[PDB]
Amino acid sequence: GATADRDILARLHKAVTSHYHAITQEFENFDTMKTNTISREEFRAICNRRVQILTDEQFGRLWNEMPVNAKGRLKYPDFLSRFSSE
């Protein structure tokens, strides 16, 4: 249930605060056109490396908690602002 989802969010919080600069660089390297977004699949690739290799079900639920725009892309500066807060 909701607890499984919250455990993944806590691990995501820990990864962003521990590797802020490396995660920002990963977003910037995927965001070549500087639109302040990255794709759903690129975000999953970052999660695999920094948090854990999520199942399709876990990733679907994580994506539901992310700041996603109307074009299904991750608003990564909003993500960085929320997951780097103390």
# chains A, B, ... in the order shown; residues from 1 in each chain; ligands from 1

call {"tool": "closest_atom_pairs", "arguments": {"of": "region 45-77 of chain A", "to": "region 9-30 of chain A", "cutoff": "9 Å", "atoms": "only C-alpha atoms", "output": "tab-separated table"}}
result
residue	atom	partner	partner_atom	distance
A:46	CA	A:26	CA	7.5
A:47	CA	A:12	CA	7.9
A:50	CA	A:15	CA	6.1
A:51	CA	A:12	CA	5.9
A:52	CA	A:11	CA	8.6
A:62	CA	A:9	CA	7.5
A:65	CA	A:9	CA	8.6
A:76	CA	A:27	CA	7.1
A:77	CA	A:24	CA	8.7

call {"tool": "write_last_selection", "arguments": {"atoms": "N, CA, C and O atoms", "output": "JSON list (two decimals), in the first residue's frame"}}
result
[["chain", "number", "residue", "atom", "x", "y", "z"],
["A", 46, "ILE", "N", 17.80, 7.26, -14.08],
["A", 46, "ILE", "CA", 18.44, 7.93, -12.94],
["A", 46, "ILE", "C", 18.08, 7.18, -11.64],
["A", 46, "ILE", "O", 18.97, 6.93, -10.84],
["A", 47, "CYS", "N", 16.78, 6.82, -11.46],
["A", 47, "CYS", "CA", 16.31, 6.09, -10.28],
["A", 47, "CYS", "C", 17.05, 4.78, -10.15],
["A", 47, "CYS", "O", 17.43, 4.42, -9.04],
["A", 50, "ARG", "N", 20.62, 5.69, -8.82],
["A", 50, "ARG", "CA", 20.69, 6.43, -7.56],
["A", 50, "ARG", "C", 19.83, 5.92, -6.42],
["A", 50, "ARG", "O", 20.14, 6.24, -5.28],
["A", 51, "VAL", "N", 18.71, 5.25, -6.70],
["A", 51, "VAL", "CA", 17.77, 4.85, -5.64],
["A", 51, "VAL", "C", 17.68, 3.34, -5.59],
["A", 51, "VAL", "O", 18.16, 2.75, -4.64],
["A", 52, "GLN", "N", 17.04, 2.73, -6.60],
["A", 52, "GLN", "CA", 16.90, 1.29, -6.73],
["A", 52, "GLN", "C", 16.28, 0.97, -8.07],
["A", 52, "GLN", "O", 15.69, 1.85, -8.71],
["A", 62, "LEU", "N", 5.61, 5.74, -8.24],
["A", 62, "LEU", "CA", 6.57, 6.81, -7.99],
["A", 62, "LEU", "C", 6.30, 7.98, -8.94],
["A", 62, "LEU", "O", 6.26, 9.13, -8.50],
["A", 65, "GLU", "N", 3.75, 10.45, -8.07],
["A", 65, "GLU", "CA", 4.10, 11.40, -6.99],
["A", 65, "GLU", "C", 5.03, 12.51, -7.47],
["A", 65, "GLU", "O", 5.31, 13.42, -6.73],
["A", 76, "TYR", "N", 12.14, 18.75, -13.71],
["A", 76, "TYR", "CA", 13.23, 18.38, -12.79],
["A", 76, "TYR", "C", 13.69, 19.51, -11.84],
["A", 76, "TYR", "O", 14.02, 19.15, -10.70],
["A", 77, "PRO", "N", 13.62, 20.83, -12.15],
["A", 77, "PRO", "CA", 13.97, 21.82, -11.12],
["A", 77, "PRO", "C", 12.99, 21.77, -9.94],
["A", 77, "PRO", "O", 13.44, 21.91, -8.81]]

call {"tool": "select_by_dssp", "arguments": {"residues": "chain A", "states": "strand (DSSP E or B)", "output": "CSV table (one decimal) with C-alpha atoms, in the first residue's frame"}}
result
chain,number,residue,atom,x,y,z
A,37,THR,CA,12.4,18.7,-18.4
A,38,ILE,CA,13.6,15.1,-18.9
A,68,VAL,CA,4.9,15.9,-14.2
A,74,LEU,CA,9.5,15.5,-15.5
A,75,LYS,CA,9.8,19.1,-14.3

call {"tool": "select_by_dssp", "arguments": {"residues": "chain A", "states": "helix (DSSP H, G or I)", "output": "PyMOL selection string"}}
result
chain A and resi 2-18+20-30+40-50+56-64+76-83

call {"tool": "closest_residue", "arguments": {"among": "A:35, A:54, A:43, A:49", "to": "residue 66 (chain A)", "atoms": "only C-alpha atoms"}}
result
A:43

call {"tool": "atom_distance", "arguments": {"atom1": "CA of residue 83 (chain A)", "atom2": "CA of residue 71 (chain A)"}}
result
21.9 Å

call {"tool": "closest_residue", "arguments": {"among": "A:61, A:82, A:73, A:34", "to": "residue 8 (chain A)", "atoms": "only C-alpha atoms"}}
result
A:61

call {"tool": "atom_distance", "arguments": {"atom1": "CA of residue 80 (chain A)", "atom2": "CA of residue 60 (chain A)"}}
result
19.4 Å

call {"tool": "closest_residue", "arguments": {"among": "A:4, A:63, A:79, A:69", "to": "residue 44 (chain A)", "atoms": "only C-alpha atoms"}}
result
A:63

call {"tool": "decode", "arguments": {"residues": "region 73-84 of chain A", "atoms": "N, CA and C atoms", "output": "PDB file, in the first residue's frame"}}
result
ATOM      1  N   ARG A  73       6.284  14.863 -19.076  1.00  0.00           N
ATOM      2  CA  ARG A  73       7.733  14.989 -18.821  1.00  0.00           C
ATOM      3  C   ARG A  73       7.988  15.470 -17.408  1.00  0.00           C
ATOM      4  N   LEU A  74       9.136  15.067 -16.854  1.00  0.00           N
ATOM      5  CA  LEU A  74       9.481  15.454 -15.481  1.00  0.00           C
ATOM      6  C   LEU A  74       9.952  16.919 -15.398  1.00  0.00           C
ATOM      7  N   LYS A  75       9.333  17.714 -14.512  1.00  0.00           N
ATOM      8  CA  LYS A  75       9.767  19.109 -14.251  1.00  0.00           C
ATOM      9  C   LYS A  75      10.895  19.007 -13.238  1.00  0.00           C
ATOM     10  N   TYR A  76      12.142  18.755 -13.707  1.00  0.00           N
ATOM     11  CA  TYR A  76      13.228  18.381 -12.794  1.00  0.00           C
ATOM     12  C   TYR A  76      13.686  19.511 -11.836  1.00  0.00           C
ATOM     13  N   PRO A  77      13.623  20.830 -12.148  1.00  0.00           N
ATOM     14  CA  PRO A  77      13.974  21.820 -11.123  1.00  0.00           C
ATOM     15  C   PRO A  77      12.993  21.767  -9.943  1.00  0.00           C
ATOM     16  N   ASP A  78      11.682  21.521 -10.196  1.00  0.00           N
ATOM     17  CA  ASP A  78      10.665  21.346  -9.131  1.00  0.00           C
ATOM     18  C   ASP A  78      10.976  20.108  -8.304  1.00  0.00           C
ATOM     19  N   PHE A  79      11.387  19.023  -8.966  1.00  0.00           N
ATOM     20  CA  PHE A  79      11.786  17.778  -8.304  1.00  0.00           C
ATOM     21  C   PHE A  79      12.996  18.049  -7.386  1.00  0.00           C
ATOM     22  N   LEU A  80      14.015  18.757  -7.918  1.00  0.00           N
ATOM     23  CA  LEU A  80      15.243  19.024  -7.163  1.00  0.00           C
ATOM     24  C   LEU A  80      14.950  19.884  -5.941  1.00  0.00           C
ATOM     25  N   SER A  81      14.048  20.865  -6.078  1.00  0.00           N
ATOM     26  CA  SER A  81      13.626  21.745  -4.989  1.00  0.00           C
ATOM     27  C   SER A  81      12.907  20.947  -3.864  1.00  0.00           C
ATOM     28  N   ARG A  82      11.991  20.046  -4.217  1.00  0.00           N
ATOM     29  CA  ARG A  82      11.272  19.267  -3.209  1.00  0.00           C
ATOM     30  C   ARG A  82      12.159  18.207  -2.534  1.00  0.00           C
ATOM     31  N   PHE A  83      13.015  17.502  -3.295  1.00  0.00           N
ATOM     32  CA  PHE A  83      13.773  16.388  -2.722  1.00  0.00           C
ATOM     33  C   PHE A  83      15.140  16.766  -2.136  1.00  0.00           C
ATOM     34  N   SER A  84      15.501  18.057  -2.122  1.00  0.00           N
ATOM     35  CA  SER A  84      16.754  18.504  -1.497  1.00  0.00           C
ATOM     36  C   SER A  84      16.488  19.279  -0.199  1.00  0.00           C
TER      37      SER A  84
END
